[PDB]
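To start, the structure under review is shown below, and the notes come after it.
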Amino acid sequence: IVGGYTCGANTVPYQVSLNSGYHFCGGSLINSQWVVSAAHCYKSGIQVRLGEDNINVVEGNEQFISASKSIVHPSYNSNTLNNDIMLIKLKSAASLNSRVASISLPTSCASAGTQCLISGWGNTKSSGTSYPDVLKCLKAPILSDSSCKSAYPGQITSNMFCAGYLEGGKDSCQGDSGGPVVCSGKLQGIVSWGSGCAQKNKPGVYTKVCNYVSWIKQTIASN
Ligand SMILES: N=C(N)c1ccc(O)c(/C=N\CC/N=C/c2cc(C(=N)N)ccc2O)c1
Ligand SMILES: [Ca+2]
(Lines give C-alpha, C1' and ligand atoms only; values in the text may rest on other atoms or scores of the structure.)
(Ligands and ions follow the chains in the order given, each with its own letter.)
Protein backbone atom coordinates (compact mmCIF):
# COMPACT_ATOMS: atom_id res chain seq x y z
CA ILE A 1 0.00 0.00 0.00
CA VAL A 2 1.47 3.33 -1.12
CA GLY A 3 0.46 6.59 0.54
CA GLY A 4 -1.56 4.75 3.15
CA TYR A 5 -1.36 4.49 6.92
CA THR A 6 -0.69 1.93 9.63
CA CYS A 7 -4.07 0.29 10.24
CA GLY A 8 -3.37 -0.61 13.84
CA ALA A 9 -3.04 -4.14 15.21
CA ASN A 10 -5.99 -6.34 14.21
CA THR A 11 -8.18 -3.43 13.11
CA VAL A 12 -8.93 -5.38 9.92
CA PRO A 13 -9.84 -8.82 11.41
CA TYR A 14 -10.81 -10.39 8.06
CA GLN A 15 -7.42 -9.66 6.47
CA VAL A 16 -5.25 -12.74 6.06
CA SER A 17 -1.71 -13.33 4.84
CA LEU A 18 -0.99 -16.25 2.53
CA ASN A 19 2.37 -17.76 3.46
CA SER A 20 4.51 -20.25 1.52
CA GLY A 21 7.58 -19.79 3.68
CA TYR A 22 7.07 -16.04 3.44
CA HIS A 23 4.16 -13.63 2.91
CA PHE A 24 3.27 -13.60 -0.79
CA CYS A 25 -0.36 -12.45 -1.06
CA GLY A 26 -3.31 -11.19 0.93
CA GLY A 27 -6.76 -12.73 1.28
CA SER A 28 -10.11 -12.24 3.02
CA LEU A 29 -11.80 -14.57 5.51
CA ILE A 30 -15.41 -15.09 4.43
CA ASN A 31 -16.30 -17.73 7.03
CA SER A 32 -14.54 -19.99 9.54
CA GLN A 33 -13.39 -22.40 6.81
CA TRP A 34 -12.95 -20.27 3.68
CA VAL A 35 -10.74 -17.50 2.33
CA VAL A 36 -11.15 -15.51 -0.90
CA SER A 37 -8.05 -14.30 -2.75
CA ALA A 38 -6.82 -13.60 -6.28
CA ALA A 39 -6.44 -16.46 -8.75
CA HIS A 40 -3.04 -15.07 -9.76
CA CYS A 41 -1.95 -15.81 -6.17
CA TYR A 42 -2.42 -19.53 -6.78
CA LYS A 43 0.32 -21.90 -5.68
CA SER A 44 0.62 -25.18 -3.79
CA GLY A 45 1.63 -25.48 -0.15
CA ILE A 46 -0.27 -22.46 1.15
CA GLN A 47 -0.60 -21.71 4.85
CA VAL A 48 -3.24 -19.15 5.78
CA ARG A 49 -2.23 -16.77 8.56
CA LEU A 50 -5.02 -15.04 10.47
CA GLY A 51 -4.93 -12.50 13.30
CA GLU A 52 -1.74 -11.00 11.90
CA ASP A 53 -0.32 -7.50 12.22
CA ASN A 54 3.47 -7.69 12.15
CA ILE A 55 4.05 -10.69 9.87
CA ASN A 56 7.62 -11.18 11.13
CA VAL A 57 6.78 -11.30 14.83
CA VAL A 58 4.54 -13.67 16.79
CA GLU A 59 2.43 -11.21 18.78
CA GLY A 60 -0.13 -13.52 20.37
CA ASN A 61 -3.31 -13.44 18.29
CA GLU A 62 -2.23 -15.44 15.25
CA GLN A 63 -3.74 -18.63 13.87
CA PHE A 64 -1.73 -20.50 11.23
CA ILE A 65 -3.82 -22.99 9.24
CA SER A 66 -2.80 -24.99 6.17
CA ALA A 67 -5.02 -24.89 3.09
CA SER A 68 -6.66 -28.23 2.27
CA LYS A 69 -7.97 -27.21 -1.15
CA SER A 70 -7.67 -24.33 -3.61
CA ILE A 71 -10.21 -23.52 -6.31
CA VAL A 72 -9.26 -21.07 -9.03
CA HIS A 73 -12.25 -19.60 -10.88
CA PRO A 74 -13.28 -21.84 -13.79
CA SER A 75 -12.87 -18.96 -16.24
CA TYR A 76 -9.68 -17.39 -14.89
CA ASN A 77 -7.43 -16.14 -17.69
CA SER A 78 -3.87 -15.50 -16.50
CA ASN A 79 -3.02 -13.39 -19.56
CA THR A 80 -5.74 -10.77 -19.03
CA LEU A 81 -6.45 -11.45 -15.34
CA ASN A 82 -10.15 -11.67 -16.17
CA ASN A 83 -11.95 -13.56 -13.36
CA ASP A 84 -8.97 -13.09 -11.00
CA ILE A 85 -10.50 -14.83 -8.00
CA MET A 86 -9.91 -18.06 -6.10
CA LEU A 87 -11.25 -19.79 -2.99
CA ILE A 88 -9.09 -21.49 -0.38
CA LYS A 89 -10.46 -23.95 2.17
CA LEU A 90 -8.75 -24.30 5.55
CA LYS A 91 -7.79 -27.79 6.76
CA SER A 92 -9.38 -26.90 10.10
CA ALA A 93 -11.95 -24.23 10.99
CA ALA A 94 -10.56 -20.95 12.28
CA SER A 95 -11.51 -19.91 15.80
CA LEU A 96 -13.45 -16.69 15.28
CA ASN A 97 -12.91 -13.85 17.73
CA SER A 98 -12.57 -10.05 17.78
CA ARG A 99 -9.23 -10.27 15.95
CA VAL A 100 -10.18 -13.08 13.56
CA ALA A 101 -13.51 -12.33 11.91
CA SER A 102 -15.15 -12.91 8.55
CA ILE A 103 -16.27 -10.22 6.11
CA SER A 104 -19.70 -10.34 4.49
CA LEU A 105 -20.11 -10.89 0.75
CA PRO A 106 -22.07 -8.28 -1.21
CA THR A 107 -25.73 -8.80 -2.12
CA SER A 108 -25.37 -6.13 -4.81
CA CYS A 109 -22.57 -4.21 -6.51
CA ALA A 110 -21.11 -0.92 -5.26
CA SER A 111 -21.38 2.39 -7.13
CA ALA A 112 -18.71 4.79 -8.34
CA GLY A 113 -17.79 7.29 -5.64
CA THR A 114 -18.26 4.83 -2.79
CA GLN A 115 -15.39 4.94 -0.30
CA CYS A 116 -13.64 1.66 0.46
CA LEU A 117 -10.89 0.32 2.69
CA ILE A 118 -7.96 -1.41 0.98
CA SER A 119 -5.32 -3.17 3.07
CA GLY A 120 -2.17 -5.28 2.82
CA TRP A 121 1.53 -5.88 3.45
CA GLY A 122 2.64 -4.82 -0.02
CA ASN A 123 5.37 -2.38 -1.06
CA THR A 124 4.90 1.13 0.36
CA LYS A 125 7.11 2.94 -2.17
CA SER A 126 5.93 4.44 -5.46
CA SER A 127 9.46 4.32 -6.86
CA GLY A 128 11.64 1.66 -5.27
CA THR A 129 10.89 -1.03 -2.70
CA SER A 130 10.14 -1.11 1.03
CA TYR A 131 8.01 -3.78 2.69
CA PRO A 132 6.22 -2.80 5.98
CA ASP A 133 5.74 -5.97 8.09
CA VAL A 134 2.78 -4.30 9.85
CA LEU A 135 -0.57 -4.02 8.04
CA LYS A 136 -1.11 -0.86 6.01
CA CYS A 137 -4.47 0.74 5.17
CA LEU A 138 -5.86 3.06 2.49
CA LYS A 139 -9.21 4.77 2.03
CA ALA A 140 -10.03 5.05 -1.67
CA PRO A 141 -13.16 5.65 -3.76
CA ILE A 142 -14.42 3.48 -6.59
CA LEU A 143 -13.72 5.29 -9.86
CA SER A 144 -16.09 5.69 -12.81
CA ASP A 145 -16.13 2.85 -15.33
CA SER A 146 -15.15 5.34 -18.03
CA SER A 147 -12.21 6.68 -16.01
CA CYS A 148 -11.06 3.09 -15.50
CA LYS A 149 -11.30 2.01 -19.13
CA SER A 150 -9.72 5.26 -20.30
CA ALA A 151 -6.69 4.57 -18.10
CA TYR A 152 -6.44 0.98 -19.36
CA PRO A 153 -7.77 0.91 -22.96
CA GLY A 154 -8.96 -2.54 -24.03
CA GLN A 155 -7.97 -4.21 -20.75
CA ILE A 156 -10.91 -3.61 -18.39
CA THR A 157 -13.72 -6.17 -18.35
CA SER A 158 -17.08 -6.22 -16.58
CA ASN A 159 -15.37 -8.28 -13.87
CA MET A 160 -13.00 -5.46 -12.91
CA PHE A 161 -13.25 -1.98 -11.42
CA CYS A 162 -10.75 0.74 -10.55
CA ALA A 163 -10.36 2.50 -7.21
CA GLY A 164 -7.96 5.14 -5.98
CA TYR A 165 -6.84 8.56 -7.15
CA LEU A 166 -6.01 9.65 -10.70
CA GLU A 167 -3.63 12.29 -9.35
CA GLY A 168 -1.50 9.46 -7.97
CA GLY A 169 0.23 9.04 -4.64
CA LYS A 170 -2.14 6.49 -3.12
CA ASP A 171 -2.69 2.95 -4.40
CA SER A 172 -2.20 -0.76 -3.70
CA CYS A 173 1.08 -2.38 -4.75
CA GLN A 174 3.17 -5.56 -5.10
CA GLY A 175 2.40 -7.82 -2.15
CA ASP A 176 -1.15 -6.56 -1.69
CA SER A 177 -2.45 -8.89 -4.41
CA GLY A 178 -5.34 -11.04 -3.24
CA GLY A 179 -6.19 -8.64 -0.44
CA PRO A 180 -9.57 -7.02 0.38
CA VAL A 181 -11.38 -3.92 -0.84
CA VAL A 182 -14.22 -3.40 1.61
CA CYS A 183 -17.00 -0.88 1.07
CA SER A 184 -19.97 -0.34 3.40
CA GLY A 185 -19.09 -3.53 5.28
CA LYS A 186 -19.04 -5.72 2.16
CA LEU A 187 -16.13 -7.33 0.30
CA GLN A 188 -16.55 -5.66 -3.10
CA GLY A 189 -13.06 -6.12 -4.49
CA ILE A 190 -9.86 -8.16 -4.50
CA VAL A 191 -6.48 -6.55 -5.19
CA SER A 192 -5.77 -7.69 -8.75
CA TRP A 193 -3.45 -5.54 -10.87
CA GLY A 194 -2.35 -2.13 -12.06
CA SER A 195 0.46 -0.26 -13.78
CA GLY A 196 3.28 0.53 -11.40
CA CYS A 197 2.04 1.88 -8.07
CA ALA A 198 0.40 5.20 -7.20
CA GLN A 199 1.29 6.58 -10.63
CA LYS A 200 -0.73 9.39 -12.20
CA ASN A 201 -3.73 8.19 -14.22
CA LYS A 202 -2.83 4.58 -13.38
CA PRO A 203 -5.32 3.55 -10.65
CA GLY A 204 -5.43 0.10 -9.13
CA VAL A 205 -7.61 -2.53 -10.78
CA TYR A 206 -9.72 -4.83 -8.62
CA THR A 207 -11.73 -8.00 -9.16
CA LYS A 208 -15.45 -7.15 -8.99
CA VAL A 209 -16.58 -9.56 -6.27
CA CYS A 210 -20.32 -8.86 -6.60
CA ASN A 211 -20.20 -10.70 -9.95
CA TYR A 212 -19.04 -13.87 -8.19
CA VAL A 213 -21.26 -14.18 -5.13
CA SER A 214 -23.37 -16.94 -6.68
CA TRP A 215 -20.26 -18.92 -7.62
CA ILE A 216 -18.67 -18.36 -4.20
CA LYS A 217 -21.77 -19.47 -2.29
CA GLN A 218 -22.40 -22.51 -4.48
CA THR A 219 -18.75 -23.57 -4.49
CA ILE A 220 -18.33 -23.35 -0.72
CA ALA A 221 -21.60 -25.21 -0.13
CA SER A 222 -20.45 -28.05 -2.39
CA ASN A 223 -16.94 -28.39 -0.99
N1 LIG B 1 -1.95 -1.16 -7.78
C2 LIG B 1 -0.81 -1.52 -8.38
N3 LIG B 1 -0.14 -0.93 -9.31
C4 LIG B 1 -0.35 -2.69 -7.96
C5 LIG B 1 0.52 -3.30 -8.86
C6 LIG B 1 0.50 -4.68 -9.00
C7 LIG B 1 -0.38 -5.45 -8.28
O8 LIG B 1 0.22 -6.56 -7.76
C9 LIG B 1 -1.28 -4.85 -7.38
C10 LIG B 1 -2.34 -5.60 -6.57
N11 LIG B 1 -1.69 -6.72 -6.17
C12 LIG B 1 -0.65 -7.40 -5.18
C13 LIG B 1 -0.19 -8.71 -5.01
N14 LIG B 1 1.22 -8.88 -5.37
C15 LIG B 1 1.92 -9.90 -5.01
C16 LIG B 1 2.20 -10.99 -5.83
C17 LIG B 1 2.99 -12.04 -5.35
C18 LIG B 1 3.32 -13.09 -6.19
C19 LIG B 1 4.11 -14.14 -5.73
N20 LIG B 1 4.42 -14.23 -4.44
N21 LIG B 1 4.56 -15.05 -6.59
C22 LIG B 1 2.87 -13.11 -7.51
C23 LIG B 1 2.08 -12.06 -7.98
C24 LIG B 1 1.75 -11.00 -7.14
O25 LIG B 1 0.96 -10.00 -7.60
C26 LIG B 1 -1.27 -3.53 -7.33
CA1 LIG C 1 2.57 -11.81 13.70
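The first residue of the sequence shown is numbered 1, and numbering continues consecutively from there. Only heavy atoms go into these numbers, but all of them, side chains included; no hydrogens, no water, no symmetry mates.
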Give the cluster check for [X] versus [Y]: same hydrophobic cluster or not, with ILVMFWY residues linked at side-chain heavy-atom distances below 4.5 Å.
{"X": "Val48", "Y": "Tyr22", "result": "yes"}
{"X": "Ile103", "Y": "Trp121", "result": "yes"}
{"X": "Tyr42", "Y": "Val191", "result": "no"}
{"X": "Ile46", "Y": "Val35", "result": "yes"}
{"X": "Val72", "Y": "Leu90", "result": "yes"}

Hey, are the side chains of [X] and [Y] touching, using non-hydrogen atoms and a 4.5 Å cut-off?
{"X": "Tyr165", "Y": "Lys200", "answer": "no"}
{"X": "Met86", "Y": "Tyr76", "answer": "no"}
{"X": "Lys139", "Y": "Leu117", "answer": "yes"}
{"X": "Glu59", "Y": "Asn54", "answer": "yes"}
{"X": "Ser172", "Y": "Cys197", "answer": "no"}
{"X": "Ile216", "Y": "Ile85", "answer": "yes"}
{"X": "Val182", "Y": "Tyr14", "answer": "yes"}
{"X": "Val209", "Y": "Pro106", "answer": "yes"}

[X] and [Y]: which non-hydrogen atoms are nearest, and at how many Å?
{"X": "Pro203", "Y": "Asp171", "result": "C-OD1, 4.3 Å"}
{"X": "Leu96", "Y": "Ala94", "result": "CD2-O, 3.1 Å"}
{"X": "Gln115", "Y": "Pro141", "result": "NE2-CB, 3.1 Å"}
{"X": "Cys7", "Y": "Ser119", "result": "SG-CB, 4.4 Å"}
{"X": "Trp34", "Y": "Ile220", "result": "NE1-CG2, 3.1 Å"}
{"X": "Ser70", "Y": "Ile88", "result": "OG-CG1, 4.1 Å"}

Could you check whether [Y] and [X], counting side-chain N and O atoms only, form a donor-acceptor pair closer than 3.5 Å?
{"X": "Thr124", "Y": "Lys136", "answer": "no"}
{"X": "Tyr206", "Y": "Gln188", "answer": "no"}
{"X": "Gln199", "Y": "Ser126", "answer": "yes"}
{"X": "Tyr212", "Y": "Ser214", "answer": "no"}
{"X": "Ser177", "Y": "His40", "answer": "yes"}
{"X": "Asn211", "Y": "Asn159", "answer": "yes"}
{"X": "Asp133", "Y": "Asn56", "answer": "yes"}

Is the cationic atom of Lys43 (NZ for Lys, CZ for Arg) positioned less than 6.0 Å from the six-membered ring centroid of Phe24 and within 45 degrees of its normal?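 Checked: cation-pi criterion met.
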
Between atom SG of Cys173 and atom NZ of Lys125, what is the distance when rounded to the nearest 0.5 Å?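 Output value for this atom pair is 11.5 Å.
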
Between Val205 and the options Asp84, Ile156, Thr157, the side-chain contact (heavy atoms from CB on, under 4.5 Å) test singles out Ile156

Does atom NZ of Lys91 have more than 12 heavy-atom neighbours from other groups under 6.0 Å away?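 It does: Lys91 NZ has more than 12 such atoms within range.
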
With distance as the sole test, does [X] use its side chain to make a donor-acceptor pair with the main-chain N or O of [Y] at under 3.5 Å?
{"X": "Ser147", "Y": "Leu143", "result": "no"}
{"X": "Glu52", "Y": "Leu50", "result": "no"}
{"X": "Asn123", "Y": "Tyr131", "result": "no"}

